[PDB]
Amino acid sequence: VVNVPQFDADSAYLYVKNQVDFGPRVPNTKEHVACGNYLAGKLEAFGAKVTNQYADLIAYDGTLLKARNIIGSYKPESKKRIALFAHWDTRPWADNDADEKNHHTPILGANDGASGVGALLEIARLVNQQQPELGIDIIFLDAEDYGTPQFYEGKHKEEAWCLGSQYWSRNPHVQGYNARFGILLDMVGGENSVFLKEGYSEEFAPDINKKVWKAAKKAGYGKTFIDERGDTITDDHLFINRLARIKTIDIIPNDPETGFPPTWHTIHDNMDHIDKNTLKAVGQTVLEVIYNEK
């Protein structure tokens, strides 16, 4: 019926490594600016129509973040669309590290940041080469991970997180923007990771979770996409669902012992713990979903 393209895991892995090779993508650093230029340029080289959303976002403590959401659009005139999201900034503090002396050191964010973006770059390459029926938007969200440090004494507000998705959700890149549904990729490269149906995703978009997990099973990734409800996670999709009202699910790992991968918000979130086979399982599932939408 439909020939779904084959996600190239080696290609995706290299897009992950290329981001990490800039160093930490902390908002307001030259490394962040350079990586943003790399990502926008790559989308444009893969035939996307690129819209940049530069915004002055205010962090939990009053810090102004020079943020840039990057949107790459395929079949831009189609009104029938699927939105694919990943955050591209990295966290400026390894505030979950086992050693306190690292709690003020920026992470490399290989899994938390680079993995989702790298997977979506590989999807963008393939969408260009053979388009699905629906228009696809690849949306790289800034300033997701500048939320209140664990060491901070004071108010820990939910809205300190996901500043780029909040901005995008209130201020779409094109007036009247609609999508049938959305998929957010968050930490999709970790060795041995499995993905359960996330709680907010189940509450806002259970039909989309069903679609995605059925697609994974059908494509042979049923051992990676486990048909079971996991944790409820504050992530970009919460704000997208609440503010933009696009039914959006989160593909995010769940481990029974650590919840998130053990590298999460530690100085160990680097390429040593990225497995291209995890990228493959997630990326191929996303392809299976978008190419079977009519």
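Start at 1 with the first residue shown and count on from there.
Higher average CA B factor in the deposited record is what I'm after, so tell me if that's 110 to 118 or 129 to 137.
Mean CA B-factor is higher for 129 to 137.
Looking only at CA atoms, which has the higher mean B factor in the entry: 147 to 155 or 92 to 100?
Mean CA B-factor is higher for 147 to 155.
Per the coordinate record, which of the options 72, 220, 164, 190 holds the highest CA temperature factor?
Answer, based on the entry's C-alpha B-factors: 220.
Which one of 86, 174, 82, 194 shows the biggest C-alpha B-factor in the PDB entry?
Of the candidates given, the C-alpha B-factor peaks at 174.
Taking only the Cα B-factors deposited for this chain, tell me whether residue 258 sits in the lowest, middle or highest third.
Answer is highest: the recorded C-alpha B-factor places it there.
Taking the C-alpha B-factors as the PDB entry records them, is residue 235 in the lowest, middle or highest third of its chain?
Tercile = middle for this residue's CA B-factor.
Residue 63: which third of its chain by C-alpha temperature factor?
As the PDB entry reports it, the C-alpha B-factor of residue 63 lands in the highest third of its chain.
Grab the CA temperature factor for residue 204 from the record and place it in the lowest, middle or highest third of its chain.
Ranked within chain, residue 204 CA B lands in the highest tercile.
Thinking about Cα B factors across the chain, which third does residue 9 belong to?
Top third by C-alpha B-factor.
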